[PDB]
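Only one chain is shown below, in C-alpha cells, and it's the form deposited in one PDB entry.
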C-alpha cells in the first residue's frame, strides 16, 4: 500500500534523476557519482518516448521483466509482488534491511513481498526529449519503517 512518505520519496528521486540527466549529441547522459548512487535505496529506470530503456541505475532482470510496457505511457503508481529471493536480488545493498529480510525468510514459508513503483512521464522541453522515469522502492512494504 502507498503512503504519503513513499509518494514523496519516489517522486523526489524521479525529479533528482530527471534533473541530473542531460541530453547531448542525441544521447542521454546520466553522470552519476557513487555517493549519490548509494544515497537512496530506490532504483531508477529511464525510458524514451517509445518505451525503450535508455538507462538503469542498477540492472536487475527479474524486476525489468515486471515493468509492463503499458505502464510507461502515463503517470501512475503500481505494486509488484515477488518472492523473498527476488527481493534479495533487488535490495542487495545495505545490511540493515537485508538482515531483516533473512529474518522474514526463516520465519515464513513463502512470504510474498510487495514493491512500490512510481511512473513519471516528462514532456519534451527545450533541453530534453520526452522521458518516462520509473522509480522502484527496493525495500518491500512488508519491511517499511513506521
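Residues that one form lacks are left out of the comparison. So that the term is clear: the rigid core is the largest set of C-alpha atoms that superpose within 1.5 Å between two forms. Numbering follows the first chain given and starts at 1.
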On average, are the C-alpha B-factors higher in 65 to 73 or in 34 to 42?
34 to 42
Averaging CA B factors per stretch from the PDB record, which one is higher: 133 to 141 or 17 to 25?
17 to 25
Looking at 57, 85, 50, 114, which has the highest CA B-factor as recorded?
50
Quiz for you: based on the deposited Cα B-factor, which of 90, 101, 118, 121 is highest?
101
CA B-factor placement of residue 78, once the chain's modelled residues are sorted into thirds:
lowest
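This next part talks about the form deposited in another entry, which is not shown.
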If you fit the rigid core and then compare C-alpha positions between the shown form and the other one, only one of 32, 28, 53, 66 moves by 2 Å or more. Name it.
32
Name, in sequence order, the runs of three or more consecutive residues whose C-alphas all shift 2 Å or more between the shown form and the other one, counting only residues present in both forms and superposing on the rigid core.
24 to 26, 31 to 33, 35 to 38, 89 to 92
